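Asks: Mind looking over this structure? Questions follow.
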Amino acid sequence: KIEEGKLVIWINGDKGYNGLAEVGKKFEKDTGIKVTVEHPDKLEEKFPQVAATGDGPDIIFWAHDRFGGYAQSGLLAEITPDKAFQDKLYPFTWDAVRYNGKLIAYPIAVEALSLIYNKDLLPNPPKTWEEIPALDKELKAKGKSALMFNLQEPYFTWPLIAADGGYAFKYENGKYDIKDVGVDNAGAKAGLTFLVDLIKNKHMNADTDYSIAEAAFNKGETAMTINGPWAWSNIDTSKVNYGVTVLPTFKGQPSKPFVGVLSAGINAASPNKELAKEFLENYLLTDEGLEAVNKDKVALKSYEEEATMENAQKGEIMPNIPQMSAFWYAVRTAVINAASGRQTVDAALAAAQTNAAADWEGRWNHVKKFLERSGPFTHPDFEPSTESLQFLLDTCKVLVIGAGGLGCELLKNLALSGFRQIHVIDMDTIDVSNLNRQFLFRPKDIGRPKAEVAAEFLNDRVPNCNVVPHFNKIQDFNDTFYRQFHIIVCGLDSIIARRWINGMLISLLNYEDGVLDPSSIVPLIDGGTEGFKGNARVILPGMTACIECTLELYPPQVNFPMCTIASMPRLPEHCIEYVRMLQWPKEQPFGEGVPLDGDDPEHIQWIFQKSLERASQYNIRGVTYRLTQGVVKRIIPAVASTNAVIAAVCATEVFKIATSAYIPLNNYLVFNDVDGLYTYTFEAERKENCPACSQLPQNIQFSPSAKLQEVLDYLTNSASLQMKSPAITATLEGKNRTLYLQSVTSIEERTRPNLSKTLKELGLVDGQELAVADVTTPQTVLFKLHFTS
Amino acid sequence: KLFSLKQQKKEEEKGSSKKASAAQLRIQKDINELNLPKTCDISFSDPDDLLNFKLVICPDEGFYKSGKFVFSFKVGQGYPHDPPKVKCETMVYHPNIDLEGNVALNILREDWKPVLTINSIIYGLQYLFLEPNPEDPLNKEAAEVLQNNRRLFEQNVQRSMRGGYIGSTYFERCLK
Amino acid sequence: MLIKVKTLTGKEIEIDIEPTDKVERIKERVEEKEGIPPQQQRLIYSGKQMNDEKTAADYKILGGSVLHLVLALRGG
Amino acid sequence: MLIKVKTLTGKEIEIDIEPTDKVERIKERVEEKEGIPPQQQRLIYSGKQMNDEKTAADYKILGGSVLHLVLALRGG
Amino acid sequence: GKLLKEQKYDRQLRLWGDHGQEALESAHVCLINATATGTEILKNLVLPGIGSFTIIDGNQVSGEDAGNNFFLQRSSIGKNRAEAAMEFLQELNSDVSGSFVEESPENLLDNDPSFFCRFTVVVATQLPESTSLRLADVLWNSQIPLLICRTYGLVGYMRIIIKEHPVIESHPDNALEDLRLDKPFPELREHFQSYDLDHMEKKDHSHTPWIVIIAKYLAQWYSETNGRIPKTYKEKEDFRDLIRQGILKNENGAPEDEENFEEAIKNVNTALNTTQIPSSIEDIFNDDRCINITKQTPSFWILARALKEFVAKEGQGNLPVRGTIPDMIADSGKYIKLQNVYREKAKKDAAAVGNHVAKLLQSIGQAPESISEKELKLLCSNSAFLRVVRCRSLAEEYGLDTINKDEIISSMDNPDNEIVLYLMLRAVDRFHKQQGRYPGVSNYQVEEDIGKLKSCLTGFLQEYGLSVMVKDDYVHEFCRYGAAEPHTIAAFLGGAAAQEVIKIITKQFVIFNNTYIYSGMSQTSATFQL
Ligand SMILES: Nc1ncnc2c1ncn2[C@@H]1O[C@H](COP(=O)(O)OP(=O)(O)OP(=O)(O)O)[C@@H](O)[C@H]1O
Ligand SMILES: [Mg+2]
Ligand SMILES: [Zn+2]
């Protein structure tokens, strides 16, 4: 992954990349740890891509407004320093670098719009807007306009509008509210009406775009224009004098331009997180760092002390969240129209108000029906409310295992039911054959990770959705990864994988004091499909039939006996298997070592040909290329409709469980439609001696001061167990620990010492699970250690 | 009985595992029910990691008698549904073992079943040195000789164990 | 004692069985009329899937009881 | 009493047995600890492979009998 | 890009084949009203590759519509629904031709009285019982396939209306083999005779088709009973034993393991079944459409007639030999040889059957070549599986003297049978007739409408004289729905509806016979003839 010990820093080209790398050289020179800084093109676009698949930079510099996106996709790590160090920087900058009540980046530089006036003409900068018009009459009497700036953009015009009370998105204590926009209030309507009047009174023209106003002030034709630290260059090339004077207040209240924060984010995967606290909080957040970086081409009080600040001070910080982009488009035309006399400020802002919001009128109308009202069939714990939907929309973490078929269908389904916090795991890449039913993939996507593409298609088609992809095997994540989810749904295509996730979820169960703790349960919804038959089932781990309980419901496994394949072929499939598992391995047609690849056209052809010949020797007919692929790949016939029926049911149930709207399917449904269409629903009985969910941890009570030997004596003497020679392991500090083992001398020697240390010494804790196996136990059993002292 | 999902965020935790994986629980059992033949010997560099270890086979019969072979086992997180990864670290002339260390034992590929245990693999491996399988050859030439000329194979085996060449490849001395 | 068993298509057939008969026999009776290989039959009755060894009695199958053939599909 | 059956890959399985036990009961444990079905299991104790229906006593088997197993190449 | 089409359609060609895929690509379906339901249904047709579709929607994209639809973007709000959807459904498969018309069914039924004739099947979603009943009338008379789909809250409704649907390739999930041991044919008997079960070495005896084994012993029992063939379970069991004894024994005297004979033992339970015509196939034969031909009589029926003659002539009272046998333990040659006898036999009867259709096309005037041979082959392979479906017209359902009450009433014995969900839909439609709206759409209406609806229910139940009791719960629950169209319920229908439409186009598999009702509340479902 990202190389441990070194820090690959990412930053932009037009940002001094040389005075900063030198602040990285003083680093390895002082610690031995090396720094590599790069300025890749499109890195703000390249980061999300790589930060998702794990790798990328340990740190990255960019405007806070992007980090809102990364944070949500879980690409950033929460930074955590003391209040003493936070005073070195300003008290407000931290919000711009925050998400969900958590700090996600360290502020580097800041920016804001200010008013620049031609000094000579007026060495008095206006303190409010009211007077600005009064001057056009004088200047026009000379042939000039007092003011002139870009109007085609809501960024330049926003400062005035906001003056009396215009706010992008309501900021409550820790997070932004995308449902409450401040562009519809009197504070904005007032500010906009003014800008428009000056458009009618001719003090200005709505056409004054950036380039027009520019070419004019560059000649010294206006008193002022609005800009910032990025525009001071061409005014110096024209010897036109000016200043960075204050932004005229308005209706009493002060002006409020928009606020940008340059900042560094710590990748959530980069293991070098503790290496970033140093290079930053020390080798940068100083005068020695920032100046060395600044001499090339601030939030730190000490160096800052050594007009742009005032504006950023009294102005509201520029949002970071995703909905912000719909804001710009919404108000941009809500100004164009206004000043252009295309509609009234009122109706103009009325639009901007709704268009910037995330949930247009009526959007969740079909859902609200079941959550806000009541009825004779709701789940006994159901209670009408407006919060349920917010739960669905804001925090209900749902995981979808499998992208494509049921997976693609499920994402769509969950997204149009209110769910937004969704994850998708899939280990596969896209294949042309997926395109007959997996509707989130297109021909141009062939070869790409399904999860990745599935997530990007949905997040776009269904606005405000936050699908997070995972190009992996479910099998390479741990128990801590699956516990974060409230619910998990499956669209897998193998029994092994189902047996596996099923086991993972039962392992999370906690049976406190004898009774299963309901909050340790993560409900599993599983669906399967084959041709026109399919099934769905709801599993509540530890409470209802689990995958292993009904394991027998699977049809008999496709199996070809060796004597048949090698000596008595009679079906064309028989010949194809011979070639696939005998002739190929023995000839390695495409090179010694090269395995058979069912997706490789040339491999299949070879197999098809050799199969035609095997068939020939036995007068067996029916060997076709289509059948050869079938046998080799072990293909399951598939179509969109059946995947839609099953994903539908599965989804309806995730909804019911997440909201308690109704009691969920009493675990099982079968569907078939070759003859009319039929379904059957039933409660699968929970197997009494199920190897997966019928075993409860055994409770043992010892004193924390007790010695591991006593635990060994208990296991060996205790009348109800009395094992020969047990093996005891445990999970401490996230790693497996062998406490005692006696069937391998080298290990037994090395663990005996543990036998005379107290359970408080070994690190064990109340409730802790000790795993012990022995010839006595058909399978390892779990004892839950309960401290009596 | 009824269930009801509570509508609150879940208490967070860092990616550190809190419960033993099914793999950890099965291997713990398999390692503890170990039954090494006189000719084999297992070893664990770290006593806390029962997922990684090495096996040593000093056969006393067949074409490889008097040699020493070092196999390494890597048990994944899909055990026992997935079989363990087994690599040979001793260079050897064998029909079922290539020069990359890859071994070709049936139960390690297609015949694998979760009822099988480490013992099963150690026996399956041991039996490979008694009688090689020319049906799943990772070393084609080695396999051919074994079928057609039974004596030459045996010869080529002894000479390669002592240190020397077969064709144009030098086989490292691997005698016990 | 006549009992009804519904197939995976929803087709319901009538079979004559005796309380003492084995579950695999029920399957044979089903195959006789529908051609469904008892090897691929999975029978449910009151939420339980019938073991081939147990008898119609052990599951307390009454007169006009209805049995359902079922399945689990593995495609994703 | 004590007896072991040498499974090929080199393991002689102690499925300790009694005399009056029929040959058919071993396979069932050769089938547990190992999981091999009794049917796909032929056993040779002298050239003559033991007959299921017979007992351990039917083969002059004393408290020191090692056996060898040959699984039946079953299925067509 | 043809070798490309076959690559992305592989998984479905494995289900309905190249011919089915072609039927599909030659079709033109019509979707009326593009709400979640319709758009879901259409998506499941576009992906598989239907030739073309046309959406008829005069309505405008509302806030709600934009929310429960994967094919309506936020900006499509305000614009025409048909036009908005069509755009996204078209990105699903460039090999499909989409088009739309911004008018209601109503307008079209006014201006162009035969507008819906250019389609293979017409799919209608979310229609009032007025536009519905009217639309069903037109299409029924034009002999055009109509599928009505409704999504009310957590209920799914589906009405299929086709005067007559005859299908050959019904793809049965399971069926009895056509071994003909009970009525052997010449070549078959000669084949068995060639086997001498006593003079065969151990191996050949062990690798002999169980079908042969049973044919033999069956001959021995035909002797020791003077012309009989096992029939009782007691007799079948005796016979099982007769065979269980043919198993060659070893040196000890112990039985040799021969899966050869074991399969014989097991398949006796079916092998002895009496070859005969299925009752269903009977109905097709003794049917007016088959009894009396005409120059109008369509393919299926001419073909059915052929079989019918064949039966009375060469068939000797039985349908043509299927030609296939199942797999069994035997050695290649033994199996191939036995299998070939059935193949050739089949080919033969196929020819026979063929010479009776040419006999009919030349007696009807049609060209004796319209019916191809690749087509005759299926008719023979599927003679035992032919199926004919006939739906009553929507009219006969709504008509006061044709309404099927024998069913609705018997169904109601269970206060929860999904049928009550139909009764509630009719009533909901009634209410909407009287008040120009649906119950409980707004939260402030629920209370009130609970009673108003209870009335319409009775007004309806009484109008057709239905003694049935309906738990009041259903009434409240329906108002509670507010005529909502939840995406997951529209999606369930979209799958179910699409496949029914593909059954219609390809003429493969079997369609449901009338009304399908789904409850997402209890995840149960059912079918009724109405
Ligand atoms: N252990 C696993 N971890 C993560 N994803 C898995 C695992 N096993 C299977 N999957 C995924 O489950 C999905 C099942 O989808 P589905 O069978 O419909 O598509 P598919 O694999 O492309 O189908 P086909 O084999 O017919 O081409 C696949 O996308 C597959 O990669
Ligand atoms: Mg697959
Ligand atoms: Zn279980």
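Residue numbers (the authors' numbering), protein chains in the order written: chain B, 1002 to 1298, 1303 to 1311, 1320 to 1371, 2012 to 2442; chain C, 3 to 15, 21 to 183; chain I, 1 to 76; chain J, 1 to 76; chain A, 5 to 534.
All C-beta atoms, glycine included, are put in the ideal place defined by N, C-alpha and C.
1) At a threshold of 7 Å, does B:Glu-2341 count as lining ligand 3 (C-beta to nearest heavy atom)?
2) Spell out a yes or no on whether the region 49 to 63 of chain J and the region 15 to 25 of chain J are touching, meaning 3 or more CB-CB pairs, one atom from each, closer than 8 Å.
3) Over what stretch of residues does the alpha helix (DSSP H) that includes B:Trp-1341 continue unbroken?
4) Residue ranges of each beta strand (DSSP E) run of no fewer than 3 residues wholly in the region 378 to 424 of chain A, ordered along the chain?
5) Assuming A:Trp-20 contacts A:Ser-397 (C-beta within less than 8 Å), just tell me the rounded distance between them.
6) Starting from B:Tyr-1177 and walking both ways along the beta strand (DSSP E), at which residues does that stretch end?
7) So who's on the other strand from B:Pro-1108, going by DSSP bridges?
8) Assuming A:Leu-470 and A:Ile-412 are in contact, meaning their beta carbons sit under 8 Å apart, how far apart are those beta carbons, in whole angstroms?
9) Run the proximity test for A:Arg-347: is its beta-carbon closer than 7 Å to any non-hydrogen atom belonging to ligand 1?
10) So, is I:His-68 buried or exposed, given that buried needs 16 or more other C-beta atoms within 10 angstroms?
11) To be precise: take each residue of the region 29 to 45 of chain C, compare its Cβ to all Cβ atoms of chain J, and keep it if any distance is under 9 Å. Which residues remain?
12) Report the neighbours of J:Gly-76 on chain B: residues whose CB is nearer than 7 Å to its CB, in chain order.
13) Name the chain I residues that come within less than 7 Å of B:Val-2327, Cβ to Cβ?
14) Output yes or no for whether 8 Å exceeds the beta carbon distance between B:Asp-2328 and A:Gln-503.
15) Please say whether A:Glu-481 and B:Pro-2029 have beta carbons closer to each other than 8 Å?
16) So with CB distances below 8 Å, who are the chain B contacts of C:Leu-115?
17) B:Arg-2152 versus chain C: which residues are under 9 Å apart at the beta carbon?
18) So, under 8 Å CB-CB, B:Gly-1020 and B:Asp-1297 are touching, yes? Tell me the CB distance rounded to an integer number of Å.
19) Report yes if the C-beta of C:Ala-29 is less than 7 Å from at least one heavy atom of ligand 3; otherwise report no.
20) Evaluate contact between the region 1215 to 1226 of chain B and the region 1083 to 1098 of chain B, counting only Cβ atoms and requiring at least three cross-stretch pairs below 8 Å.
21) If you measure from the beta carbon of B:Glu-2336 to each beta carbon in chain I, is any gap under 8 Å?
22) Check whether the Cβ atoms of C:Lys-36 and B:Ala-2426 sit closer than 8 Å, and answer yes or no.
23) In terms of residue numbering, what span does the beta strand (DSSP E) encompassing I:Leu-69 cover?
24) If you count every other CB in all the chains shown that lies within 10 Å of the CB of A:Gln-512, and 16 or more means buried, which is it?
25) Within this structure, are the beta carbons of I:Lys-6 and I:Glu-14 separated by less than 8 Å?
26) Out of A:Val-127, A:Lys-6 and A:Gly-67, which one is the CA nearest neighbour of A:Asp-61?
27) Nearest-angstrom Cα distance between A:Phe-464 and A:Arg-434?
28) Secondary structure at B:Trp-2153, three-state DSSP: helix, strand or coil?
29) Which of the three DSSP states, helix, strand or coil, is assigned to A:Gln-64?
30) Taking B:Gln-2351 as part of the beta strand (DSSP E), name the residues at either end of that continuous run.
31) Nearest-angstrom Cα distance between A:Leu-96 and I:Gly-75?
32) Who pairs with B:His-2439 in a beta bridge, going by DSSP?
33) If you reduce the DSSP assignment to three classes, tell me which class B:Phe-2213 lands in.
34) Comparing alpha-carbon positions, which option in A:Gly-5, A:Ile-54, A:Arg-18 and A:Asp-14 lies nearest A:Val-505?
35) Return the residues of the region 2158 to 2187 of chain B that lie within a Cβ-Cβ distance of less than 8 Å from chain A, sorted by chain order.
36) When every heavy atom of ligand 2 is checked, does at least one fall within less than 7 Å of the C-beta of J:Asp-58?
Replies: Result, derived from the coordinates:
1) Here residue 2341 of chain B refers to the residue found at position 688 of the first sequence. No.
2) yes
3) As a working note, residue 1341 of chain B is residue 328 in the first sequence. Taken as a continuous stretch (DSSP letters only), the alpha helix (DSSP H) holding B:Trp-1341 covers 1337 to 1352.
4) 391 to 393
5) Translated into positions along the fifth sequence, residue 20 of chain A becomes position 16. Translated into positions along the fifth sequence, residue 397 of chain A becomes position 393. Contact doesn't hold; Cβ gap of about 28 Å is too wide.
6) As a position in the first sequence, residue 1177 of chain B is number 176, starting the count at 1. Residues 1177 to 1183.
7) Along the first sequence, one-based indexing puts residue 1108 of chain B at 107. Bridge partners of B:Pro-1108: B:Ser-1264.
8) Counting from one through the fifth sequence, the residue named residue 470 of chain A turns up at place 466. Counting from one through the fifth sequence, the residue named residue 412 of chain A turns up at place 408. About 7 Å; that satisfies the 8 Å criterion.
9) Counting from 1 along the fifth sequence, the entry for residue 347 of chain A is found at position 343. Result no, Cβ not under 7 Å from ligand 1.
10) By 1-based counting over the third sequence, the position of residue 68 of chain I is 68. Looking at its Cβ environment, which holds 16 or more other Cβ atoms inside 10 Å, I:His-68 is buried.
11) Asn-42 and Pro-44
12) As a first step, residue 76 of chain J must be located in the fourth sequence, where it is residue number 76. The contacting residues are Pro-2214, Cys-2216, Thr-2217 and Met-2221.
13) For the purposes of this step, residue 2327 of chain B is identified with residue 674 of the first sequence, where counting begins at 1. Within chain I, the residues near B:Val-2327 are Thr-9.
14) On the first sequence, position 675 is the one that residue 2328 of chain B refers to. On the fifth sequence, position 499 is the one that residue 503 of chain A refers to. For B:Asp-2328 and A:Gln-503, no; Cβs fall outside 8 Å.
15) One-based indexing of the first sequence puts residue 2029 of chain B at position 376. One-based indexing of the fifth sequence puts residue 481 of chain A at position 477. In this structure, A:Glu-481 lies closer than 8 Å to B:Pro-2029 by Cβ.
16) Start at 1 with the first residue of the second sequence, and residue 115 of chain C comes out as number 108. Going along chain B, no residue has its Cβ under 8 Å from C:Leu-115, so there is no contact; the nearest lies around 14 Å.
17) If you number the first sequence from 1, residue 2152 of chain B lands on position 499. Simply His-88 and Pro-121.
18) As a working note, residue 1020 of chain B is residue 19 in the first sequence. As a working note, residue 1297 of chain B is residue 296 in the first sequence. Confirmed, Cβ separation roughly 3 Å.
19) Sequence index remark: in the second sequence, residue 29 of chain C carries index 22 (1-based). No; taking the cut-off as 7 Å, the Cβ of C:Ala-29 has no heavy atom of ligand 3 nearer than that.
20) no
21) Reading the first sequence from its first residue, position 683 is the one you call residue 2336 of chain B. Yes, its Cβ sits closer than 8 Å to a Cβ of chain I.
22) To locate residue 36 of chain C, count along the second sequence from 1; it is residue 29. To locate residue 2426 of chain B, count along the first sequence from 1; it is residue 773. Yes.
23) Reading the third sequence from its first residue, position 69 is the one you call residue 69 of chain I. Run containing I:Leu-69: 66 to 69, per the beta strand (DSSP E) assignment.
24) As a first step, residue 512 of chain A must be located in the fifth sequence, where it is residue number 508. The residue in question, A:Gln-512, is buried, as its Cβ has 16 or more Cβ neighbours within 10 Å.
25) Residue numbering aside, residue 6 of chain I sits at position 6 when the third sequence is read from its first letter. Residue numbering aside, residue 14 of chain I sits at position 14 when the third sequence is read from its first letter. Against a cut-off of 8 Å, the Cβ pair of I:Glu-14 and I:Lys-6 comes out as no contact.
26) For the purposes of this step, residue 61 of chain A is taken as the residue at position 57 of the fifth sequence. For the residues A:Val-127, A:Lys-6 and A:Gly-67, the minimum Cα distance to A:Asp-61 belongs to A:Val-127.
27) What you label residue 464 of chain A is simply residue 460 of the fifth sequence in a count that begins at 1. What you label residue 434 of chain A is simply residue 430 of the fifth sequence in a count that begins at 1. So the alpha carbons of these two residues sit roughly 8 Å apart.
28) In the first sequence, counting from the first residue as 1, residue 2153 of chain B sits at position 500. DSSP places B:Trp-2153 in helix when its eight states are reduced to three.
29) Against the fifth sequence, residue 64 of chain A aligns to sequence position 60. A:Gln-64 falls in the strand class under three-state DSSP.
30) Position 698 of the first sequence, counted from the first residue, corresponds to residue 2351 of chain B. Note, B:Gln-2351: beta strand (DSSP E), 2351 to 2355.
31) To locate residue 96 of chain A, count along the fifth sequence from 1; it is residue 92. To locate residue 75 of chain I, count along the third sequence from 1; it is residue 75. Looking at the two C-alpha atoms, the distance is approximately 23 Å.
32) Against the first sequence, residue 2439 of chain B aligns to sequence position 786. Beta-bridge pairing links B:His-2439 to B:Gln-2354.
33) Here residue 2213 of chain B is taken as the residue at index 560 of the first sequence, counted from 1. Of the three classes helix, strand and coil, the one that applies to B:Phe-2213 here is coil, per DSSP.
34) One-based indexing of the fifth sequence puts residue 505 of chain A at position 501. Of A:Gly-5, A:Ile-54, A:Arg-18 and A:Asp-14, the residue nearest in Cα terms is A:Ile-54.
35) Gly-2184 and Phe-2185
36) As a working mapping, residue 58 of chain J is identified with position 58 in the fourth sequence. It does not: the Cβ of J:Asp-58 is nowhere closer than 7 Å to a heavy atom of ligand 2.
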